[PDB]
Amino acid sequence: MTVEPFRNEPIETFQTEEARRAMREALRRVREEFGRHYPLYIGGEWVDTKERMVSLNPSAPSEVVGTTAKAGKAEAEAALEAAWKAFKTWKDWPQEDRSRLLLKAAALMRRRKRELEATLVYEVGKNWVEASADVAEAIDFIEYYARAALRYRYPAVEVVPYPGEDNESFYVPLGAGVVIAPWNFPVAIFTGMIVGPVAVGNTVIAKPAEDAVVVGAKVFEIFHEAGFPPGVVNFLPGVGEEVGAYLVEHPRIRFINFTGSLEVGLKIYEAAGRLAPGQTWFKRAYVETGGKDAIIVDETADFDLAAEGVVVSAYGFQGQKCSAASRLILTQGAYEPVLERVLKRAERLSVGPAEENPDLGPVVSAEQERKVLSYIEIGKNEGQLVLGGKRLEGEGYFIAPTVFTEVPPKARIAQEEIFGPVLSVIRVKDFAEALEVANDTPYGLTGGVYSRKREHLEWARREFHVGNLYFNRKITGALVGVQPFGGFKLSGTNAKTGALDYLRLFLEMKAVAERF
């Protein structure tokens, strides 16, 4: 199968009048369909339940964006039987056929871009450009993985020949597994975590994050339309842990793909290590469990370049990114000139309802707002509050961009992932000290360095122990294919998304010899 070489889907900036016009319409149509009900998806049909989940607009939480069915253990078991039955024949599709199905999916997604972006603005409170980047990334995962999957096609493995024999080594998929997706990239990470495993012949039961069930149902409208056979992909919104614990601990669950908090990722990893009664394999678990990411700036840097990238990485999507700059480690001669520039920029940021395209929208939920307001209370005792520190006026969950300065490297707010628009500034002496501080957390996801000294950049390259490292640019927004995404230490298992290596995690190898 021959297609164009992979390119990244361009990210809409809404500067042209046709873009704005297209978006204003998209938003109106999505707002005009608030209250829509989306059932479960199991074995190729939408299955409804007596209980229901409500999804609210974090910009105005009295508004229900939509409701979905709610999955129990029974629904999980049914889905799991539909996934297994599907697998018997889905593993047998020529790779070319599976990859064409992904390409159809991506073209359908692209045709529904504006509607998807609009649903993200309302359901999870992204501004226009964050919602566009999310959707572009989801399209990218499908286009990329459709292509990557063919590099594993029958028989892919390079092996040493032997006289008188044929030795053929090949990859087979694993079986039926479960995906537990995050609310902060509920189009992009939801999509890639499902479509990677499926591309190569696995089948998946997907559990969307509670805050993002409606946008997850819209991705399933795309799968259904694309024409995945019954039970290949299954959609099971539910509340709290019933559904995910049932599948994570289940003997017939083959693998688990998780993106989310460390707390859950640790329980998950430990549970996958156990042989459930009557289980007949060693479960694989791929977990990406967040970060406490830092940007180092030395006194050789472009300070206005730096201040810009820090504000973007600290405050893009209200700091709600596994990849957000939550730490600003400043060397002695960088401290004042960078800090004042970051403060002058950060004080100019608008906060408001996500539909208005503010610099920052709301945090995702009443839970997140409490969690973030509580960390800000803790930071008031650990560092010096110099910007924000407060909830803004409104019923939506608005939080001012917050800066702490003179933060001790070992403070809670310099160790623990806040996931909100909260930056900690840490003063250090020199660039060696900067690296020690950068490396001294339990995490290793993203990290950045602003500097013009080549020797400092190349030193960071070899010693700044993070999976995704960026020099002289923001540390968020890793592009599929360009920057393999995934971390070290308790940022997770280093399962590098948007890379060719990701798909190997979902395949096993068979070696077959025929002596003639």
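Note that residue numbering follows the sequence shown and begins at 1. Each form is matched to the other, and the largest set of C-alpha atoms that superpose within 1.5 Å is called the rigid core.
Comparing 233-241 with 167-175 in 6 other deposited structures of this protein, after superposition on the rigid core, the stretch with the greater RMS C-alpha deviation is 233-241.
When the other structures are laid on the shown form by the core, the C-alphas of 28-36 and 41-49 differ in how far they drift in 6 other deposited structures of this protein; the larger average drift belongs to 28-36. Remark: stretch with higher mean C-alpha B factor among 110-118 and 405-413 is 405-413. In this entry, the higher average B-factor at the C-alpha atoms falls on 238-246, of the pair 287-295 and 238-246. For the set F34, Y470, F464, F485, the maximum C-alpha B-factor listed in the entry falls on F34. Remark: of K88, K126, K321, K104, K88 shows the highest value [criterion: C-alpha B-factor in the PDB entry]. Sorting the modelled residues of the chain by their CA temperature factor places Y145 in the lowest third.
Among the modelled residues of the chain, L490 sits in the lowest third by CA temperature factor in this PDB entry. In this PDB entry, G352 carries a Cα temperature factor that places it within the lowest third of its chain's modelled residues. Annotation for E221: CA B-factor lies in the middle third of the chain's modelled residues. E508: CA B factor lies in the lowest third for its chain, per the PDB record.
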